[PDB]
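Data first, discussion second: the structure below is written as structure tokens.
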Amino acid sequence: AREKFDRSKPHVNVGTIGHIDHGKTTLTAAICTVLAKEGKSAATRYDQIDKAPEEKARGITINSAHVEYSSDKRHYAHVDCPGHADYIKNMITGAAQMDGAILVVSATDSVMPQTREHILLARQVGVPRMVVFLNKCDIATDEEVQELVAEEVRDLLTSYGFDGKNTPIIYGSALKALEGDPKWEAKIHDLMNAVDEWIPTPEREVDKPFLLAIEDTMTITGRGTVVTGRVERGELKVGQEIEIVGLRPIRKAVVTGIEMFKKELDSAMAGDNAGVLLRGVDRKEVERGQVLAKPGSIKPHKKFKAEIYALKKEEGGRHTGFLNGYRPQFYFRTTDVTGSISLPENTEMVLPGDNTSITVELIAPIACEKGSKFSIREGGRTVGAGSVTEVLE
Amino acid sequence: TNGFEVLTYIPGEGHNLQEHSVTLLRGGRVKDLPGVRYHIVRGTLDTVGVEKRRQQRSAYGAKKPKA
Amino acid sequence: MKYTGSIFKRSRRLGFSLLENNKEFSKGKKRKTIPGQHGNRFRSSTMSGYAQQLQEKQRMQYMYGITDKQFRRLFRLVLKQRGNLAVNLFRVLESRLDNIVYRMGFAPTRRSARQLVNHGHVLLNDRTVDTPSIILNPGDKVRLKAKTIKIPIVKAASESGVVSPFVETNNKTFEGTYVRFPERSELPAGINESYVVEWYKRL
Amino acid sequence: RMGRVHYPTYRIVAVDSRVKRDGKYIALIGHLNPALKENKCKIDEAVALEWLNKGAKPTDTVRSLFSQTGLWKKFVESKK
Amino acid sequence: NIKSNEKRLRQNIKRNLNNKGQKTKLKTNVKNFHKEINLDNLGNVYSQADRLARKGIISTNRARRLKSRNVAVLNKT
RNA sequence: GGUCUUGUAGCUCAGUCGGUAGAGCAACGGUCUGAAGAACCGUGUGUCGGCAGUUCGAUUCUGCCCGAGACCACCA
RNA sequence: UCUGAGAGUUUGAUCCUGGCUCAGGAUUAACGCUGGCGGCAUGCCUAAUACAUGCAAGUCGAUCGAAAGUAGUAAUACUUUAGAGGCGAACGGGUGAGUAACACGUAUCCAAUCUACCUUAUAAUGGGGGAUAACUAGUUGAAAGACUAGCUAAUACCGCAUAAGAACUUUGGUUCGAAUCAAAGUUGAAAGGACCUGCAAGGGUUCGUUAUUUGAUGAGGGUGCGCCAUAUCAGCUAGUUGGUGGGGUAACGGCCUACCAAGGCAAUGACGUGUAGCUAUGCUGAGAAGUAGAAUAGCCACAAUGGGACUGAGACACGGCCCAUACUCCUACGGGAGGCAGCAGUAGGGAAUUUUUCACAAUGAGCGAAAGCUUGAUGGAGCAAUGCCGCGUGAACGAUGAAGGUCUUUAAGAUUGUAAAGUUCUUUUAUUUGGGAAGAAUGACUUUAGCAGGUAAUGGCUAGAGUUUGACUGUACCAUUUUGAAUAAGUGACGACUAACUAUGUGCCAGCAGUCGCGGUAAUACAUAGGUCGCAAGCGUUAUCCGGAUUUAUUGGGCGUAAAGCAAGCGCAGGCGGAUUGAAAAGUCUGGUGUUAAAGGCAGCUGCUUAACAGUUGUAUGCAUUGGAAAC
């Protein structure tokens with residue numbers, strides 16, 4: 001019994017996406033640190049944020065950083081997401097299986113297009129009513145410019161269709177809160193209070209067989225492969241044989257342990273973050289991106305057809321047309337799957353801003369549902385996030 | 001995996017070997033080519049044998065077509 | 001298949017006899033040559049001894065719908081005693097349960113008897129049985145399971161069944177018991193015992 | 001015992017303490033049918049008295065078995 | 001590691017102490033008998049040898065062997 | 001788990017920094033030993049991975065990615 | 001009363017000698033299509049490579065002291081024992097690195113040994129002493145740990161007499177170094193608890209507790225014999241073989257020591273390079289035999305590598321101890337911890353292996369006056385078509401032939417094929433409605449009647465009754481009980497060997513091949529389409545062991561020209577060898593006791609629906625062995 005637990009309050013996933021040196025990791029550490037002083041303990045030090053090579057000497061995360069804690073209202077799980085290119089393959093996975101969108105901005109540097117990309121990320125997964133904090137204001141004094149910066153942030157969010165006026169913006173700084181100043185700890189508490197509202201509850205379903213997208217796998221000495229993902233429809237308890245569909249041929253396996261980031265659970269509600277231990281599986285077939293479910297699940301598909309609402313120029317995307325040889329990338333919240341686009345007849349070229357339902361030719365057979373949220377991306381940015389409407393192969 | 005460089009013959013549809021790839025072999029001698037007593041197992045690895053071929057469909061490893 | 005399905009097909013090429021008269025069913029003049037395309041000239045041009053031994057073994061195999069492994073087991077059982085191989089082999093041949101069920105006139109075909117045995121509607125020693133490969137001896141009960149008497153098949157079988165003297169039963173009472181052992185000429189003499197017995201040097 | 005799964009058979013022996021079960025045995029002393037209702041216990045009744053006089057440790061079912069066979073009845077008289 | 005044998009170790013420490021203390025008595029007594037030849041010292045040797053022979057310390061066969069050879073060498077007188 | 005490089009004839013390879021399909025095996029018609037092979041003469045065999053932008057068209061400048069080929073998963 | 005099949009392959013074609021490949025049978029097998037089930041077995045051979053976590057040997061209050069608690073009104077029934085004492089952990093568990101020999105299997109010897117339990121019987125269980133933990137308090141150490149002073153008694157320890165029978169000397173008797181009754185002198189025993197009759201006393205019963213008496217268990221040495229290949233390994237071995245005095249083992253011994261003598265083995269294969277756990281047995285065959293030493297069992301062996309000893313009678317001890325090693329870790333950087341070849345699980349290797357699954361409910365062990373737990377020994381459930389065995393994917397009828405594929409490509413024709421439609425039919429598995437047996441009628445424990453000796457009981461034999469003892473557990477099996485032909489077949493080959501042929505493409509390309517080899521465009525073999533057959537929830541190819549291979553020839557070959565007579569002779573041992581008489585005892589046959597384990601075969605039964613399989617009964621291969629049988 002590594003950890004016995006039965007949650008008495010609903011589980012909620014919270015995350016953060018920020019550009020380098022905004023205090024994104026600083027705020028990530030500070031929220032849990034200040035909650036380790038009034039509420040339940042979190043044991044979140046600076047050594048439990050980054051572990052990969054070259055990321056400890058830079059202060060930015062390569063993969064998501066996992067913390068979890070209780071609260072008076074909702075049980076939260078904090079996942080830390082990267083913010084820069086050459087690692088977007090991992091920030092997409094980190095920020096695509098969240099249930100909130102926290103934006104970190106500072107009064108020491110003006111808003112840069114990375115904030116616009118953060119609003120873009122909030123736009124793809126469809127997370128309205130975000131919580132924005134003007135964090136890290138412990139730098140050279142500003143008297144009235146901060147209000148203008150806040151106004152610019154408020155009318156900055158309308159470029160993607162998000163409300164700006166009803167956003168609970170509060171002054172504060174997390175670095176001084178981590179330094180040992182209770183005055184800014186109060187500001188972080190106000191940030192938490194603003195977070196308590198406007199964040200959508202994770203999607204919950206109790207009767208679907210199962211579905212979980214792979215993110216990574218972890219090896220445990222004596223136990224085996226610990227899978228990373230999110231039980232987001234249905235449920236899964238110990239002792240149920242499970243099929244594996246997607247990116248690989250179907251494979252029947254047995255679940256042995258149900259982890260919840262080094263915990264032990266009987267049953268986990270849909271939408272929560274946990275882990276599952278597999279029996280006799282191989283990491284060459286169990287790869288980041290595929291699907292595991294219960295017998296009778298969604299059929300695997302290699303080709304299909306989906307509608308599209310391409311993002312406009314104002315909505316962060318590009319403005320130049322695409323030919324019929326178009327082979328962009330697709331993201332089912334987990335992995336970059338490449339695919340060809342075939343364009344409806346009686347039209348040669350379509351640009352972001354105009355849309356016709358396109359047929360996608362995926363590289364590998366990916367288990368996809370009809371209406372699945374899938375993002376079409378290329379060139380290190382997003383041009384749209386559509387939904388599947390028909391299956392041909 | 002043992003250190004012994006050996007020749008193999010390539011049955012199946014042409015070739016499915018790509019200049020230091022991974023393969024699995026089977027025994028069997030041939031009169032025509034001296035110095036080789038081995039074959040490749042088509043179907044169970046990067047080599048998969050099927051196109052316009054259904055006789056002797058045990059070697060040349062492939063799936064059964066479905067109506 | 002375990003059940004060949006068509007029986008007529010095998011009797012075409014092999015000239016196999018299952019019941020009273022199968023070479024000419026009056027079915028529009030069925031050929032004794034091989035079905036398909038090549039029933040033209042390959043009649044007797046390339047015969048060698050091993051061949052006749054082989055289709056004689058095959059014909060012997062397809063009188064009862066018996067697979068090769070269970071016949072090998074039966075030959076092992078035959079070799080488990082002494083005496084003439086022909087008599088013991090034939091005796092263990094009829095002794096199979098479905099064969100007696102068919103020979104009583106309670107089933108017009110061995111396949112129907114085997115199906116009835118498998119489905120559990122046949123009784124031995126006052127207890128239901130479901131194995132169509134039983135070895136039997138004197139004093140073995142067989143009933144009709146009166147729930148299975150309204151069947152359109154068993155009724156006609158009882159009305160016009162085949163009479164066998166080695167096992168005696170009253171047709172209208174539907175209660176039988178194994179009585180004695182058969183005689184060689186009673187069984188179809190077209191089967192040559194030598195070839196089928198001595199092709200099996202396997203076990 | 002060396003019977004079969006879900007239908008085993010046990011042969012009884014008054015083996016010494018340190019000796020392993022179902023291994024090498026000092027002697028063969030009949031057997032029993034512990035699965036069906038016939039009480040069939042085929043025994044020799046030719047060396048058990050000698051071994052008991054010479055030293056033998058009875059196990060749990062030995063009491064009932066040799067009370068049924070009446071050997072305990074004659075054991076008290078053999079002691080005298 | 002088993003929690004059932006450390007007590008045995010602590011026991012046999014004192015057991016070994018006692019065994020050494022009794023064995024050295026035999027050692028000194030046989031020294032005395034070999035130095036000076038008489039009946040009384042060898043009788044004391046025999047007494048101690050039988051006392052430690054009954055105890056599970058030295059095999060009684062060895063005590064018998066040693067007493068037999070001691071009386072054999074005593075037979076000169 | 002992200003790192004560097006590659007994708008060019010049927011094969012191996014070349015290689016203007018934005019105006020080059022260059023070499024050798026291979027294929028074709030033959031000379032010819034009786035014929036094969038070899039040689040010799042002929043002359044041709046490449047959207048220079050798969051997409052979107054920078055721009056004057058970018059194979060060759062970038063960006064995602066498809067694959068692959070070596071390296072690294074250190075601190076209980 | 002057993003008791004065997006051949007075929008092709010060179011040359012123009014033959015008769016040879018002869019070299020190979022194929023038709024089978026088994027397994028610890030991987031690969032493709034596959035996927036129905038049942039019961040039974042099997043499932044690290046590869047890296048004796050390291051392995052997290054939890055279990056895998058624990059037990060006794062009627063052994064003792066004492067401490068925590070429950071509750072009874074403070075005295076105290078009662079639970080835990082945190083500790084000293086009792087046994088076991090030495091057997092069970094696993095794996096074969098090493099071992100070419102007393103390692104293994106037997107015939108056999110101790111005239112040199114051993115053995116607690118368990119059964120035959122005597123004598124005592126009496127009287128004293130001392131400390132001794134845990135505890136309490138204190139020091140030190142980061143923790144692990146070491147200590148420093150008081151505490152109590154223990155079935156722990158040591159004395160005292162107890163002492164016939166025991167251990168060792170003195171005489172009279174005795175067997176091929178042995179067996180006994182005497183007379184003495186030295187000597188050696190300890191422990192109580194519990195239960196009662198009974199004024200306590202006095203007395204019994206029980207668990208024990210000590211030395212002798214038969215016993216068994218297991219261990220240990222010299223044995224006869226048999227035991228892998230290799231003289232393109234010829235000498236080998238000096239505490240090493242012999243003599244003696246001391247020890248040392250339970251004991252004889254260069255086992256060791258001290259002092260003296262040079263031996264021993266080996267051509268009739270030592271020494272040595274290599275492989276390997278030996279055996280019962282798995283499999284090929286008619287057998288002599290070959291082969292693999294699966295698992296399962298008997299025996300030997302080491303616990304990452306070496307050592308070194310100790311408690312117990314027994315280890316050189318798989319989860320005991322002291323240390324050097326290599327590695328993984330803690331460390332406040334002084335010092336410490338560690339061993340999955342125990343079960344599952346993980347990393348690596350390999351094509352290649354079970355679930356971090358469950359219960360002491362059956363046996364076996366550990367304890368006791370017992371419920372009680374330890375029981376990853378075991379018993380099961382899941383996964384694995386790995387290997388067997390056995391049942392489905394329908395049944396009776398139905399056609400001068402339903403289309404459509406194929407072929408003649410005349411089609412006014414042959415096929416597919418009674419395959420289908422149709423009728424009901426019964427659902428083995430599905431489906432669902434009920435009962436849940438079953439190994440467990442074994443098993444303790446509590447009461448009713450006499451028999452062991454005193455009866456006053458406890459106590460040992462019984463008979464009977466009894467509540468209670470189920471993981472498998474809705475099981476296989478039945479209920480005409482719900483629906484339903486339904487919820488379910490491929491596979492290799494088709495020139496010959498070798499039952500199974502026709503068209504199209506392809507043109508020494510693509511390929512097949514176990515052999516003749518097939519392709520220079522009219523391919524019955526390349527690939528498809530149709531048809532066919534062999535087999536079947538298994539199927540063909542590969543990795544293997546034998547058979548056919550009479551191809552190691554004793555059984556059952558040869559040496560003139562096919563491979564083969566040393567160029568001959570003198571010629572030790574070694575194998576043979578004219579005839580008789582008589583004794584013979586090594587073979588040869590009759591005789592049983594010990595075995596030759598059991599299992600495994602061979603036959604007969606018993607049972608799960610028969611079979612698979614399990615059990616039962618006997619069945620034999622080899623040496624002692626005591627009589628005898630008389631030609632070789």
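Residues in the structure tokens are numbered from 1 in each chain, the chains being A, B, ... in the order shown, and ligands are numbered from 1 in the order shown.
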
Excluding range 10-14 of chain C and any residue of its chain fewer than 2 positions from it, enumerate the residues within 9 Å of it, using only C-alpha atoms (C1' of nucleotides), and give them as a ChimeraX atom specification. /C:4,6-8,16-18,22-23,30-35,55-56,58-59,62

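Residues in contact with range 288-295 of chain A at up to 6 Å, not including ones fewer than 2 positions away on its chain and judged by only C-alpha atoms (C1' of nucleotides), are residues 209, 210, 211, 212, 213, 214, 215, 216, 242, 243, 244, 245, 246, 247, 297, 334 and 335 of chain A.
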
Which of range 52-203 of chain C counts as strand (DSSP E) under DSSP, as a short mmCIF file (atom, residue, chain, number, x, y, z; two decimals) with N, CA and C atoms, in the first residue's frame please?
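Now in result20.cif:
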```cif
data_model
loop_
_atom_site.label_atom_id
_atom_site.label_comp_id
_atom_site.auth_asym_id
_atom_site.auth_seq_id
_atom_site.Cartn_x
_atom_site.Cartn_y
_atom_site.Cartn_z
N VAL C 122 -29.51 -39.59 -26.37
CA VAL C 122 -29.29 -41.03 -26.39
C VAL C 122 -28.84 -41.47 -25.00
N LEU C 123 -29.32 -42.64 -24.58
CA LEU C 123 -29.11 -43.12 -23.23
C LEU C 123 -28.43 -44.48 -23.26
N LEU C 124 -27.48 -44.66 -22.35
CA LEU C 124 -26.76 -45.91 -22.17
C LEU C 124 -26.78 -46.27 -20.69
N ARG C 127 -28.70 -44.09 -18.28
CA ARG C 127 -28.14 -42.77 -18.00
C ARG C 127 -27.76 -42.14 -19.34
N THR C 128 -28.09 -40.87 -19.53
CA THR C 128 -27.85 -40.24 -20.83
C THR C 128 -26.35 -40.14 -21.10
N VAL C 129 -25.99 -40.26 -22.38
CA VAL C 129 -24.60 -40.19 -22.82
C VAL C 129 -24.51 -39.20 -23.97
N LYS C 141 -27.88 -50.69 -22.42
CA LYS C 141 -29.22 -50.15 -22.65
C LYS C 141 -29.21 -49.04 -23.69
N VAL C 142 -30.27 -48.98 -24.49
CA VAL C 142 -30.49 -47.88 -25.43
C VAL C 142 -31.98 -47.57 -25.45
N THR C 169 -33.74 -55.92 -31.20
CA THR C 169 -34.61 -55.03 -30.45
C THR C 169 -35.96 -55.00 -31.14
N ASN C 170 -36.99 -54.65 -30.38
CA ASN C 170 -38.34 -54.53 -30.91
C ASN C 170 -38.52 -53.11 -31.43
N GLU C 175 -36.63 -49.88 -27.29
CA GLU C 175 -35.68 -50.23 -26.24
C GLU C 175 -34.78 -51.33 -26.76
N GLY C 176 -33.47 -51.07 -26.77
CA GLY C 176 -32.52 -51.99 -27.37
C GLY C 176 -31.38 -52.32 -26.43
N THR C 177 -30.71 -53.42 -26.75
CA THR C 177 -29.57 -53.91 -25.98
C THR C 177 -28.65 -54.66 -26.93
#
```

Excluding range 32-46 of chain D and its own-chain neighbours fewer than 6 positions away, which residues fall within 10 Å of it when counting only C-alpha atoms (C1' of nucleotides)? Please give them as a list in words.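 After dropping sequence-adjacent residues, the list is residues 6, 7, 8, 9, 10, 11, 12, 65, 68, 69 and 71 of chain D; 362, 438, 439, 440, 441, 442, 607, 615 and 616 of chain G.
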
Please, what distance in Å, to one decimal, runs between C1' of residue 630 in chain G and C1' of residue 589 in chain G? 11.8 Å

Sorted by chain and rising residue number, list the residues of chain G at most 8 Å from chain C (counting only C-alpha atoms (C1' of nucleotides)), each with its closest atom pair and distance in Å to one decimal, as CSV.
```
residue,atom,partner,partner_atom,distance
G:24,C1',C:202,CA,6.8
G:25,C1',C:202,CA,8.0
G:391,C1',C:131,CA,6.9
G:394,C1',C:115,CA,7.8
G:395,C1',C:112,CA,5.2
G:396,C1',C:153,CA,6.0
G:399,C1',C:27,CA,7.2
G:400,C1',C:28,CA,4.7
G:401,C1',C:28,CA,7.8
G:407,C1',C:37,CA,6.9
G:414,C1',C:37,CA,7.0
G:415,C1',C:36,CA,4.8
G:416,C1',C:36,CA,7.0
G:424,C1',C:152,CA,7.4
G:425,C1',C:151,CA,6.0
G:426,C1',C:119,CA,6.6
G:427,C1',C:119,CA,6.9
G:428,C1',C:119,CA,5.5
G:480,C1',C:147,CA,6.3
G:489,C1',C:1,CA,7.3
G:499,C1',C:51,CA,5.5
G:501,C1',C:38,CA,7.4
G:502,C1',C:37,CA,7.3
G:531,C1',C:36,CA,5.5
G:609,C1',C:129,CA,5.0
G:610,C1',C:134,CA,4.9
G:611,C1',C:134,CA,7.8
```

For residue 21 in chain B, find every residue with an atom within 10 Å (counting only C-alpha atoms (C1' of nucleotides)), except residues of its own chain fewer than 3 positions away, and show them as a PDB file with N, CA and C atoms (P, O5', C5', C4', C3', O3' and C1' of nucleotides), in the first residue's frame.
```pdb
ATOM      1  N   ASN B  16      13.582  -6.461 -49.466  1.00  0.00           N
ATOM      2  CA  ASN B  16      13.046  -5.610 -48.411  1.00  0.00           C
ATOM      3  C   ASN B  16      14.126  -5.382 -47.358  1.00  0.00           C
ATOM      4  N   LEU B  17      15.363  -5.209 -47.819  1.00  0.00           N
ATOM      5  CA  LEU B  17      16.507  -4.968 -46.955  1.00  0.00           C
ATOM      6  C   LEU B  17      17.164  -3.664 -47.381  1.00  0.00           C
ATOM      7  N   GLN B  18      17.599  -2.874 -46.403  1.00  0.00           N
ATOM      8  CA  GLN B  18      17.924  -1.467 -46.610  1.00  0.00           C
ATOM      9  C   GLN B  18      19.264  -1.103 -45.981  1.00  0.00           C
ATOM     10  N   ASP B  46      10.429  -6.414 -40.707  1.00  0.00           N
ATOM     11  CA  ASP B  46      10.346  -5.302 -41.697  1.00  0.00           C
ATOM     12  C   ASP B  46       9.967  -5.857 -43.072  1.00  0.00           C
TER      13      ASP B  46
ATOM     14  P     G F  69      17.385   3.018 -37.861  1.00  0.00           P
ATOM     15  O5'   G F  69      18.961   3.241 -37.894  1.00  0.00           O
ATOM     16  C5'   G F  69      19.725   2.838 -39.020  1.00  0.00           C
ATOM     17  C4'   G F  69      20.659   3.931 -39.470  1.00  0.00           C
ATOM     18  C3'   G F  69      21.649   4.429 -38.427  1.00  0.00           C
ATOM     19  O3'   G F  69      22.791   3.586 -38.353  1.00  0.00           O
ATOM     20  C1'   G F  69      20.621   6.277 -39.512  1.00  0.00           C
TER      21        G F  69
END
```

Set out as a tab-separated table a contact list for chain G and chain E with a cut-off of 8 Å, giving each residue of chain G that qualifies its closest atom pair and distance in Å to one decimal, counting only C-alpha atoms (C1' of nucleotides), ordered by chain and rising residue number.
```
residue	atom	partner	partner_atom	distance
G:58	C1'	E:4	CA	7.7
G:167	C1'	E:64	CA	6.9
G:168	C1'	E:68	CA	6.3
G:169	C1'	E:71	CA	7.1
G:186	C1'	E:43	CA	6.0
G:187	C1'	E:47	CA	5.5
G:188	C1'	E:50	CA	4.9
G:250	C1'	E:61	CA	6.7
G:310	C1'	E:16	CA	7.4
G:311	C1'	E:12	CA	4.8
G:319	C1'	E:1	CA	6.3
G:320	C1'	E:5	CA	7.2
G:321	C1'	E:9	CA	7.9
```

File dump, residues just selected, C-alpha atoms (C1' of nucleotides), as a PDB file, in the first residue's frame:
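Dumped to result19.pdb:
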```
ATOM      1  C1'   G G  58       8.167 -20.307  13.215  1.00  0.00           C
ATOM      2  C1'   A G 167      32.375 -45.495  32.012  1.00  0.00           C
ATOM      3  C1'   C G 168      38.268 -47.972  33.144  1.00  0.00           C
ATOM      4  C1'   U G 169      42.106 -51.236  35.297  1.00  0.00           C
ATOM      5  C1'   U G 186      38.778 -44.874  40.738  1.00  0.00           C
ATOM      6  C1'   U G 187      34.203 -42.044  38.621  1.00  0.00           C
ATOM      7  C1'   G G 188      30.095 -39.731  36.485  1.00  0.00           C
ATOM      8  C1'   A G 250      31.299 -41.074  16.810  1.00  0.00           C
ATOM      9  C1'   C G 310      30.846 -21.511  16.988  1.00  0.00           C
ATOM     10  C1'   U G 311      25.407 -23.313  19.799  1.00  0.00           C
ATOM     11  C1'   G G 319      16.021 -15.866   4.119  1.00  0.00           C
ATOM     12  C1'   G G 320      22.909 -18.305  11.065  1.00  0.00           C
ATOM     13  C1'   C G 321      27.470 -15.856  12.392  1.00  0.00           C
TER      14        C G 321
END
```

Based on DSSP run over this structure's backbone, return all residues of range 17-254 of chain A in alpha helix (DSSP H), as JSON, numbers by chain. {"A": [24, 25, 26, 27, 28, 29, 30, 31, 32, 33, 34, 35, 88, 89, 90, 91, 92, 93, 94, 95, 96, 113, 114, 115, 116, 117, 118, 119, 120, 121, 122, 123, 124, 145, 146, 147, 148, 149, 150, 151, 152, 153, 154, 174, 175, 176, 177, 178, 179, 182, 183, 184, 185, 186, 187, 188, 189, 190, 191, 192, 193, 194, 195, 196]}

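Interatomic distance, CA of residue 1 in chain B against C1' of residue 45 in chain G: 18.3 Å.
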
Contact residues (chain F, partner chain B, 12 Å, only C-alpha atoms (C1' of nucleotides)) as a list in words: residues 10, 11, 12, 68 and 69 of chain F

Up to 9 Å from chain B, what residues of chain G turn up? Count only C-alpha atoms (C1' of nucleotides) and give them as an MDAnalysis selection string. chainID G and resid 31:33 351 491:493 510:511 513 527:528 540:543

Find the residues near residue 78 in chain C: any atom within 12 Å, counting only C-alpha atoms (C1' of nucleotides), skip ones fewer than 4 places away on the same chain, and give them as a PyMOL selection string. chain C and resi 71-74+82-93+135+197+203

Would you write out those residues with N, CA, C and O atoms, as a short mmCIF file (atom, residue, chain, number, x, y, z; two decimals), in the first residue's frame?
```cif
data_model
loop_
_atom_site.label_atom_id
_atom_site.label_comp_id
_atom_site.auth_asym_id
_atom_site.auth_seq_id
_atom_site.Cartn_x
_atom_site.Cartn_y
_atom_site.Cartn_z
N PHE C 71 -8.80 -43.10 -35.51
CA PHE C 71 -8.59 -44.43 -36.06
C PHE C 71 -7.24 -44.99 -35.65
O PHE C 71 -7.10 -46.20 -35.45
N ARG C 72 -6.22 -44.14 -35.55
CA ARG C 72 -4.93 -44.59 -35.04
C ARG C 72 -5.05 -45.05 -33.60
O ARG C 72 -4.46 -46.07 -33.21
N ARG C 73 -5.82 -44.33 -32.79
CA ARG C 73 -6.10 -44.78 -31.43
C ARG C 73 -6.82 -46.12 -31.43
O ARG C 73 -6.51 -47.01 -30.62
N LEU C 74 -7.80 -46.28 -32.32
CA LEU C 74 -8.53 -47.54 -32.41
C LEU C 74 -7.60 -48.69 -32.81
O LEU C 74 -7.74 -49.81 -32.30
N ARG C 82 -4.40 -59.87 -28.99
CA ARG C 82 -3.90 -60.79 -30.00
C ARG C 82 -5.04 -61.33 -30.85
O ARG C 82 -6.22 -61.08 -30.59
N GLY C 83 -4.68 -62.08 -31.88
CA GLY C 83 -5.63 -62.66 -32.81
C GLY C 83 -5.51 -62.03 -34.19
O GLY C 83 -4.64 -61.21 -34.46
N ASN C 84 -6.42 -62.45 -35.06
CA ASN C 84 -6.50 -61.90 -36.40
C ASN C 84 -6.83 -60.41 -36.34
O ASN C 84 -7.76 -60.01 -35.64
N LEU C 85 -6.06 -59.61 -37.08
CA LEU C 85 -6.27 -58.16 -37.04
C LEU C 85 -7.59 -57.77 -37.70
O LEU C 85 -8.23 -56.80 -37.29
N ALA C 86 -8.00 -58.52 -38.73
CA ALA C 86 -9.20 -58.16 -39.48
C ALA C 86 -10.44 -58.20 -38.59
O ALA C 86 -11.24 -57.26 -38.58
N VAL C 87 -10.61 -59.29 -37.84
CA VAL C 87 -11.83 -59.45 -37.05
C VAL C 87 -11.89 -58.41 -35.95
O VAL C 87 -12.93 -57.79 -35.72
N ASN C 88 -10.77 -58.18 -35.25
CA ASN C 88 -10.77 -57.19 -34.17
C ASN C 88 -11.00 -55.78 -34.71
O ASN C 88 -11.74 -54.99 -34.13
N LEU C 89 -10.35 -55.45 -35.84
CA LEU C 89 -10.55 -54.13 -36.43
C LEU C 89 -12.00 -53.92 -36.82
O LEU C 89 -12.60 -52.89 -36.49
N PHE C 90 -12.60 -54.89 -37.50
CA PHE C 90 -14.00 -54.75 -37.88
C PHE C 90 -14.89 -54.64 -36.64
O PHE C 90 -15.77 -53.77 -36.58
N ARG C 91 -14.64 -55.48 -35.64
CA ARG C 91 -15.46 -55.49 -34.43
C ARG C 91 -15.43 -54.14 -33.73
O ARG C 91 -16.48 -53.62 -33.32
N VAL C 92 -14.24 -53.55 -33.59
CA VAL C 92 -14.17 -52.23 -32.97
C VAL C 92 -14.75 -51.18 -33.91
O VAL C 92 -15.16 -50.10 -33.47
N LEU C 93 -14.82 -51.49 -35.21
CA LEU C 93 -15.46 -50.57 -36.14
C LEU C 93 -16.96 -50.47 -35.89
O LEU C 93 -17.50 -49.36 -35.84
N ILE C 135 -17.16 -47.55 -26.95
CA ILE C 135 -16.96 -48.98 -27.14
C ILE C 135 -17.95 -49.71 -26.24
O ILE C 135 -18.14 -49.34 -25.08
N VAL C 197 -5.40 -52.46 -43.17
CA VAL C 197 -4.73 -52.86 -41.94
C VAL C 197 -3.23 -52.60 -42.04
O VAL C 197 -2.62 -52.03 -41.13
N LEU C 203 1.63 -46.64 -35.91
CA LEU C 203 1.62 -46.91 -34.48
C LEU C 203 1.15 -48.33 -34.19
O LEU C 203 1.46 -48.90 -33.14
#
```

Please identify all polymer residues within 9 Å of residue 105 in chain A, counting only C-alpha atoms (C1' of nucleotides), omitting same-chain residues fewer than 5 positions from it, and present them as a VMD selection string. chain A and resid 18 to 19 22 to 24 110 to 111 115 132 to 136
